[PDB]
$ cat target36.tsv   # TSV, C-alpha atoms
chain	number	residue	atom	x	y	z
A	539	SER	CA	103.57	89.20	96.65
A	540	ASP	CA	100.66	87.12	98.24
A	541	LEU	CA	99.45	86.33	94.63
A	542	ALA	CA	103.11	85.27	93.77
A	543	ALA	CA	103.26	83.04	96.87
A	544	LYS	CA	99.80	81.64	96.01
A	545	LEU	CA	100.84	80.91	92.36
A	546	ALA	CA	104.12	79.16	93.52
A	547	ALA	CA	101.98	77.11	95.98
A	548	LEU	CA	99.72	75.92	93.08
A	549	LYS	CA	102.90	75.06	91.05
A	550	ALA	CA	104.04	72.95	94.09
A	551	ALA	CA	100.62	71.25	94.59
A	552	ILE	CA	100.45	70.42	90.82
A	553	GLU	CA	103.96	68.75	90.83
A	554	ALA	CA	103.04	66.85	94.03
A	555	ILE	CA	99.78	65.40	92.63
A	556	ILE	CA	101.62	64.39	89.37
A	557	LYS	CA	104.07	62.21	91.40
A	558	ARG	CA	100.98	60.66	93.16
A	559	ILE	CA	99.16	60.03	89.82
A	560	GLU	CA	102.29	58.14	88.54
A	561	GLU	CA	102.94	56.01	91.76
A	562	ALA	CA	99.18	55.06	91.51
A	563	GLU	CA	98.89	53.97	87.79
A	564	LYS	CA	102.24	52.14	88.39
A	565	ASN	CA	100.68	50.52	91.53
A	566	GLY	CA	97.66	49.69	89.26
A	567	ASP	CA	95.11	51.69	91.45
A	568	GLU	CA	92.76	52.90	88.63
A	569	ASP	CA	90.22	54.77	90.89
A	570	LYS	CA	92.93	56.81	92.78
A	571	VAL	CA	94.48	57.77	89.37
A	572	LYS	CA	91.11	59.04	88.00
A	573	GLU	CA	90.34	60.95	91.28
A	574	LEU	CA	93.84	62.58	91.24
A	575	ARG	CA	93.62	63.39	87.49
A	576	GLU	CA	90.29	65.26	88.17
A	577	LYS	CA	92.01	67.28	90.96
A	578	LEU	CA	95.05	67.94	88.65
A	579	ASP	CA	92.75	69.49	86.04
A	580	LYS	CA	91.10	71.80	88.67
A	581	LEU	CA	94.53	72.89	89.97
A	582	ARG	CA	95.82	73.68	86.44
A	583	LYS	CA	92.69	75.73	85.65
A	584	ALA	CA	93.11	77.64	88.98
A	585	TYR	CA	96.86	78.20	88.23
A	586	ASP	CA	95.97	79.62	84.73
A	587	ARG	CA	93.17	81.89	86.12
A	588	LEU	CA	95.49	83.30	88.86
A	589	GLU	CA	98.41	83.88	86.40
A	590	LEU	CA	96.00	85.94	84.18
A	591	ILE	CA	94.82	88.06	87.19
A	592	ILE	CA	98.47	88.78	88.20
A	593	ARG	CA	99.19	89.90	84.58
A	594	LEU	CA	95.92	91.94	84.32
A	595	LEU	CA	96.67	93.86	87.59
A	596	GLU	CA	100.19	94.70	86.27
A	597	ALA	CA	98.92	95.65	82.75
A	598	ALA	CA	96.14	97.92	84.19
A	599	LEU	CA	98.63	99.62	86.57
A	600	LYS	CA	101.22	100.22	83.79
A	601	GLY	CA	98.57	101.51	81.32
A	602	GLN	CA	99.28	98.77	78.70
A	603	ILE	CA	95.96	99.13	76.84
A	604	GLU	CA	96.55	96.34	74.23
A	605	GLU	CA	97.94	93.90	76.88
A	606	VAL	CA	94.76	94.60	79.00
A	607	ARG	CA	92.63	93.79	75.86
A	608	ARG	CA	94.71	90.63	75.16
A	609	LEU	CA	94.36	89.33	78.78
A	610	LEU	CA	90.57	89.88	78.80
A	611	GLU	CA	90.30	88.07	75.40
A	612	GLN	CA	92.30	85.20	77.05
A	613	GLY	CA	89.59	85.00	79.85
A	614	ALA	CA	91.27	87.12	82.60
A	615	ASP	CA	88.73	88.02	85.36
A	616	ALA	CA	88.03	91.83	85.22
A	617	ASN	CA	86.88	91.53	88.87
A	618	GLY	CA	89.88	89.48	90.07
A	619	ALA	CA	91.42	91.04	93.24
A	620	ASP	CA	94.81	90.74	94.99
A	621	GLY	CA	95.14	89.71	98.70
A	622	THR	CA	94.26	93.31	99.84
A	623	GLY	CA	91.09	93.35	97.64
A	624	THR	CA	92.77	95.64	94.99
A	625	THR	CA	91.22	95.14	91.48
A	626	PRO	CA	92.47	96.20	88.02
A	627	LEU	CA	89.98	99.09	88.12
A	628	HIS	CA	91.55	100.34	91.41
A	629	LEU	CA	95.04	100.35	89.77
A	630	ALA	CA	93.80	101.99	86.46
A	631	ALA	CA	91.91	104.66	88.47
A	632	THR	CA	95.05	105.50	90.59
A	633	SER	CA	97.61	105.67	87.74
A	634	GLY	CA	95.14	107.60	85.50
A	635	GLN	CA	94.49	104.98	82.76
A	636	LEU	CA	91.17	106.29	81.30
A	637	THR	CA	90.86	103.87	78.33
A	638	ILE	CA	91.63	100.85	80.60
A	639	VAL	CA	88.92	102.09	83.09
A	640	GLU	CA	86.36	102.19	80.25
A	641	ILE	CA	87.49	98.78	78.90
A	642	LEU	CA	87.21	97.16	82.40
A	643	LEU	CA	83.74	98.68	82.96
A	644	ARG	CA	82.57	97.32	79.56
A	645	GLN	CA	83.60	93.81	80.85
A	646	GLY	CA	81.23	94.20	83.91
A	647	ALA	CA	83.99	95.29	86.42
A	648	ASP	CA	82.34	96.36	89.69
A	649	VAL	CA	82.59	100.17	89.70
A	650	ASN	CA	82.04	100.05	93.56
A	651	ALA	CA	84.60	97.26	94.41
A	652	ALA	CA	85.84	97.91	97.98
A	653	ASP	CA	89.33	96.74	98.92
A	654	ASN	CA	89.96	95.33	102.43
A	655	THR	CA	90.02	98.95	103.87
A	656	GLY	CA	86.81	99.98	102.06
A	657	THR	CA	88.69	101.98	99.37
A	658	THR	CA	86.79	102.20	96.03
A	659	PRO	CA	88.09	103.15	92.59
A	660	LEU	CA	86.40	106.55	93.03
A	661	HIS	CA	88.39	107.13	96.27
A	662	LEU	CA	91.63	106.40	94.37
A	663	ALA	CA	90.77	108.62	91.35
A	664	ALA	CA	89.78	111.48	93.77
A	665	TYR	CA	93.04	111.07	95.80
A	666	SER	CA	95.23	110.88	92.65
A	667	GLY	CA	93.59	113.93	90.97
A	668	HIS	CA	92.24	112.11	87.87
A	669	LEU	CA	89.21	114.26	87.04
A	670	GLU	CA	88.09	112.53	83.85
A	671	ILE	CA	88.31	109.12	85.66
A	672	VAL	CA	86.23	110.61	88.54
A	673	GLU	CA	83.64	111.61	85.92
A	674	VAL	CA	83.61	108.25	84.07
A	675	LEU	CA	83.31	106.30	87.37
A	676	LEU	CA	80.40	108.48	88.51
A	677	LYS	CA	78.70	108.16	85.05
A	678	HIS	CA	78.90	104.36	85.56
A	679	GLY	CA	77.20	104.46	89.03
A	680	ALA	CA	80.17	104.86	91.50
A	681	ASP	CA	78.69	105.59	94.95
A	682	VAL	CA	79.67	109.31	95.38
A	683	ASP	CA	79.76	108.95	99.24
A	684	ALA	CA	81.33	105.51	99.66
A	685	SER	CA	83.05	105.45	103.09
A	686	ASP	CA	86.36	103.66	103.73
A	687	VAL	CA	87.01	102.03	107.14
A	688	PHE	CA	88.37	105.43	108.43
A	689	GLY	CA	85.12	107.11	107.32
A	690	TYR	CA	86.74	109.00	104.42
A	691	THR	CA	84.53	109.77	101.41
A	692	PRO	CA	85.95	110.71	97.99
A	693	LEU	CA	85.15	114.39	98.89
A	694	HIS	CA	87.34	114.07	102.08
A	695	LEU	CA	90.19	112.80	99.84
A	696	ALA	CA	89.69	115.52	97.16
A	697	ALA	CA	89.66	118.22	99.96
A	698	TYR	CA	92.71	116.65	101.71
A	699	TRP	CA	94.85	116.49	98.52
A	700	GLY	CA	93.64	119.90	97.18
A	701	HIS	CA	91.86	118.80	93.94
A	702	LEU	CA	89.37	121.72	93.43
A	703	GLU	CA	87.64	120.55	90.22
A	704	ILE	CA	87.19	117.02	91.71
A	705	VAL	CA	85.63	118.70	94.82
A	706	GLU	CA	83.20	120.53	92.44
A	707	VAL	CA	82.33	117.39	90.44
A	708	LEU	CA	81.67	115.35	93.68
A	709	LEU	CA	79.33	118.04	95.14
A	710	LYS	CA	77.53	118.21	91.72
A	711	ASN	CA	77.04	114.37	92.15
A	712	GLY	CA	75.38	114.92	95.55
A	713	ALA	CA	78.38	114.28	97.85
A	714	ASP	CA	77.49	115.15	101.52
A	715	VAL	CA	79.48	118.43	102.06
A	716	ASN	CA	79.35	117.66	105.86
A	717	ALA	CA	80.36	113.98	105.87
A	718	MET	CA	82.37	113.10	108.99
A	719	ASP	CA	85.29	110.65	109.19
A	720	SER	CA	85.92	108.45	112.31
A	721	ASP	CA	87.66	111.47	114.02
A	722	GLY	CA	84.63	113.71	113.23
A	723	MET	CA	86.50	115.66	110.54
A	724	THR	CA	84.54	117.20	107.59
A	725	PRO	CA	85.92	118.15	104.17
A	726	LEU	CA	86.00	121.81	105.40
A	727	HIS	CA	88.20	120.71	108.39
A	728	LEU	CA	90.65	119.08	105.93
A	729	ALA	CA	90.67	122.00	103.42
A	730	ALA	CA	91.23	124.51	106.30
A	731	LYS	CA	94.07	122.42	107.84
A	732	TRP	CA	96.00	122.11	104.50
A	733	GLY	CA	95.37	125.73	103.39
A	734	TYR	CA	93.17	125.16	100.25
A	735	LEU	CA	91.42	128.57	100.16
A	736	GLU	CA	89.47	128.06	96.86
A	737	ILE	CA	88.14	124.66	98.19
A	738	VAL	CA	87.23	126.26	101.51
A	739	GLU	CA	85.18	128.82	99.46
A	740	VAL	CA	83.43	126.13	97.35
A	741	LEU	CA	82.59	124.02	100.46
A	742	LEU	CA	81.07	127.08	102.29
A	743	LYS	CA	79.02	127.99	99.17
A	744	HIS	CA	77.60	124.38	99.20
A	745	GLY	CA	76.53	124.51	102.87
A	746	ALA	CA	79.66	123.36	104.75
A	747	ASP	CA	79.05	123.70	108.55
A	748	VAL	CA	81.52	126.43	109.73
A	749	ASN	CA	80.61	125.39	113.36
A	750	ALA	CA	81.28	121.62	112.91
A	751	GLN	CA	83.51	120.21	115.70
A	752	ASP	CA	85.78	117.19	115.34
A	753	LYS	CA	86.18	114.69	118.25
A	754	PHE	CA	88.78	117.09	119.81
A	755	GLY	CA	86.40	120.08	119.86
A	756	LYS	CA	88.26	121.66	116.85
A	757	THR	CA	86.34	123.70	114.22
A	758	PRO	CA	87.80	124.31	110.73
A	759	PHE	CA	88.55	127.85	112.04
A	760	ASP	CA	90.70	126.27	114.80
A	761	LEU	CA	92.66	124.07	112.36
A	762	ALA	CA	93.25	127.17	110.15
A	763	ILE	CA	94.68	129.01	113.21
A	764	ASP	CA	96.74	125.95	114.37
A	765	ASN	CA	98.19	125.54	110.86
A	766	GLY	CA	98.97	129.24	110.07
A	767	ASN	CA	96.28	129.61	107.27
A	768	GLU	CA	95.40	133.36	107.88
A	769	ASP	CA	93.15	134.05	104.83
A	770	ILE	CA	91.14	130.83	105.52
A	771	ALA	CA	90.87	131.79	109.24
A	772	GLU	CA	89.48	135.21	108.03
A	773	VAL	CA	86.78	133.67	105.68
A	774	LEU	CA	85.77	131.18	108.47
A	775	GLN	CA	85.42	133.97	111.24
A	776	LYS	CA	83.20	136.04	108.76
A	777	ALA	CA	80.92	133.04	107.78
A	778	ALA	CA	80.63	131.72	111.42

$ encode --input "target36.tsv" --output "structure tokens"
Amino acid sequence: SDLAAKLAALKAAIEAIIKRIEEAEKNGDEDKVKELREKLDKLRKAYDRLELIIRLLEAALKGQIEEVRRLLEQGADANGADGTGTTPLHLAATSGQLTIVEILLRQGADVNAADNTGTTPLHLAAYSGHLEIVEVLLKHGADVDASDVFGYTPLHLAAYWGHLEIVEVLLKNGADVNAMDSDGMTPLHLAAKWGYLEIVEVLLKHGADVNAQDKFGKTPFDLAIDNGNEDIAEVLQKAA
């Protein structure tokens, strides 16, 4: 998209300098030719590097394990990012490509790479329900409480999307059970809103603040009432 436009722009710059190199040797200007030939070489190397990153993103996303191995053997940058800061490890973590995750981390891929909105691979694996990827990222030093620009932690995302085992694994890795997003919402607020009873129970058992108030004065209890979650409203009134 923005990588395609950037690759087509290198294509264009390379063809333009070639025309200039030829006018110049043909005009007999030796020094301009050598200067332009040095630039040409840098542009070609930058074209090749970018074309490998485009292919590595696509291969990681589509779970093509051998194509990922090929591209890395050819020199593809394991840390290369698209124009939103998305890396191969982001795409692998989202689409559940465990072997590709492990292969990228062996190449020195940043396990904590933040895209332009502060989203890390661990956020995406938590969102997307990929438990074994959550585990492998944490084993390799993923920040359990990384905060995106909205203030969401992986635990917020696991609570929001109803992934119970991922909630358990994140709390076992020291996730702050009472982390607050930019609206003051806690994981318990999200689990109560979306009706995830089992997650509500796990959060309470790990010290979730039943009295926590978002930026609108709402407790979890309140969101359970507003959203018709009767059982959850019951457990929250009891704990209060």

$ closest_residue --input "target36.tsv" --among "A:581, A:597, A:713, A:669" --to "residue 701 (chain A)" --atoms "all atoms listed in the file"
A:669

$ atom_distance --input "target36.tsv" --atom1 "CA of residue 724 (chain A)" --atom2 "CA of residue 685 (chain A)"
12.7 Å

$ residues_near_point --input "target36.tsv" --point "(85.4, 114.6, 119.8)" --cutoff "7 Å" --atoms "only C-alpha atoms" --output "ChimeraX atom specification"
/A:721-722,752-755

$ closest_residue --input "target36.tsv" --among "A:723, A:563, A:621, A:733" --to "residue 748 (chain A)" --atoms "only C-alpha atoms"
A:723

$ closest_residue --input "target36.tsv" --among "A:556, A:630, A:737, A:599" --to "residue 703 (chain A)" --atoms "all atoms listed in the file"
A:737

$ closest_residue --input "target36.tsv" --among "A:735, A:629, A:614, A:672" --to "residue 700 (chain A)" --atoms "all atoms listed in the file"
A:735

$ atom_distance --input "target36.tsv" --atom1 "CA of residue 750 (chain A)" --atom2 "CA of residue 656 (chain A)"
24.8 Å

$ closest_residue --input "target36.tsv" --among "A:653, A:620, A:747, A:760" --to "residue 778 (chain A)" --atoms "only C-alpha atoms"
A:747

$ residues_around --input "target36.tsv" --residues "region 688-695 of chain A" --least-positions-apart "2" --cutoff "6 Å" --atoms "only C-alpha atoms" --output "PyMOL selection string"
chain A and resi 661+664-665+683-686+697-698+705+719-720+725

$ closest_residue --input "target36.tsv" --among "A:591, A:777, A:603, A:687" --to "residue 617 (chain A)" --atoms "all atoms listed in the file"
A:591
